[PDB]
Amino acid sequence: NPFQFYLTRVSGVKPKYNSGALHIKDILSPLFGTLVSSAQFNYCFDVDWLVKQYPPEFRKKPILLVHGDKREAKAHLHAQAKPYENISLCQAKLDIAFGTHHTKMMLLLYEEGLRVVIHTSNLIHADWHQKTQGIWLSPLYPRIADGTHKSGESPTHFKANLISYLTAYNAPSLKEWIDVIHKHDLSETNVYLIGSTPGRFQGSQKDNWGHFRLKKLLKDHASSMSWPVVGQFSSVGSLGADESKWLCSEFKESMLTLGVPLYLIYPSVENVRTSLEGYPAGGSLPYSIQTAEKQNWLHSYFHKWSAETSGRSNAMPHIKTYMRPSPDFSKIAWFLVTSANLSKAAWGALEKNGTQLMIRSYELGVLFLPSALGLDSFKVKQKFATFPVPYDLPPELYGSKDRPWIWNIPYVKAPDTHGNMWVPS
């Protein structure tokens, strides 16, 4: 399995659908290595729940929480953490407004080596319970023998790229992790890192982050050959007054680069209503009426969440993925799993007459390029060489009576899976 791409466990589906799936408890288990220290990057944390996901033997090892919380949100987290002496926090500078520290990553230092985990889940019970989430597991990275001269770098430059990503934080506690990464051999890594980081980027530096980073890698490491672009996410930024403002102009241009139909997958009200969670799934799909009413055009691009292939049609997506399927959807030019939702905050928007890229948030993903495995394309595994696409293809268009799930309006005409209505307020 060259991919090491996994879905999280879902409670309440048949166990066949969890066979190759992982819970955070599985990731942290002693079978994955003898833990010595860890760093947990995320957006939302429930510290009590998190500490309990580590196996008893490891609960007392150091843990760094890397977050973006400010003011009283910050104080709350520090309070959550104060009972646990082994836990330190690192507050990611968020100098631009409306930015979040959205990256989900684990750094796991063991006696045996190092593991990097990049995934889509908040560290709260509900993100790992009945949601479709994604995980990329790095190999066990051995320590570089105290005797030798080697980079430990991979053909995809993952090691240098990850260090650069960490370096942009400008944080003392991450320097220790940067130094741990220097000491390890990451050369067997076959994926590319795509990060986002808050800032205004110029000239050559445009290529370092966001959708431009993606454009750059597809230019240099893909080749050409009406292949659609698919984008799948759980939150939706304000995209402008029509598709030419950003979506179809700069965003699609990056995505169609190599060496066209745009499908966007986002849960409809009906998808949310009949899900395993019911309407409360919508708490993790924060599309607001204020944003939505300003961009009604976008919704003709929207397609339902359907995942019969992985038995997860009823497990609402909090995973985000982007890919480039062939016209019959039987193969793909590339696959990206990432924390980045469909927003400019996350992906970057062009400023000052196209000379500056503005990104508001921290995002991180991994890109699977067939060239990294010596191939031209991946075949799609039709039932979750062949890439495990976790949802159904081709994507199904919204019906005429379907609406995008919008979190802050009431749904009181029909009860959900648990016989509840939804009245936010």
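Note that residue numbering follows the sequence shown and begins at 1.
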(message) Are residue 259 and residue 260 truly consecutive in the deposited sequence, or are residues between them missing coordinates? Give the number as none, 1 to 3, 4 to 9, or 10 or more.
(response) 10 or more
(request) Using the PDB record, quantify the missing residues of the deposited sequence between residue 384 and residue 385 as none, 1 to 3, 4 to 9, or 10 or more. (result) 4 to 9
(request) Determine, for stretches 191-199 and 248-256, which one has the higher mean CA B-factor as deposited. (result) 248-256
(message) Averaging CA B factors per stretch from the PDB record, which one is higher: 37-45 or 58-66?
(response) 58-66
(message) Among 264, 137, 75, 186, where is the Cα B factor highest in this entry?
(response) 75
(request) Kindly indicate the residue among 160, 222, 340, 166 with the greatest C-alpha B-factor in the PDB record. (result) 222
(request) Can you work out whether the C-alpha temperature factor of residue 301 puts it in the lowest, middle or highest third of the chain? (result) highest
(request) Using the B-factor values recorded in the entry, state whether the Cα atom of residue 399 falls in the lowest, middle or highest third among the modelled residues of its chain. (result) highest
(request) Tell me, lowest, middle or highest third: where does the Cα B factor of residue 390 rank within its chain? (result) middle
(request) Comparing against every modelled residue in the chain, figure out the third that the C-alpha B-factor of residue 273 lands in (lowest, middle or highest). (result) lowest
(request) Comparing against every modelled residue in the chain, figure out the third that the C-alpha B-factor of residue 155 lands in (lowest, middle or highest). (result) lowest
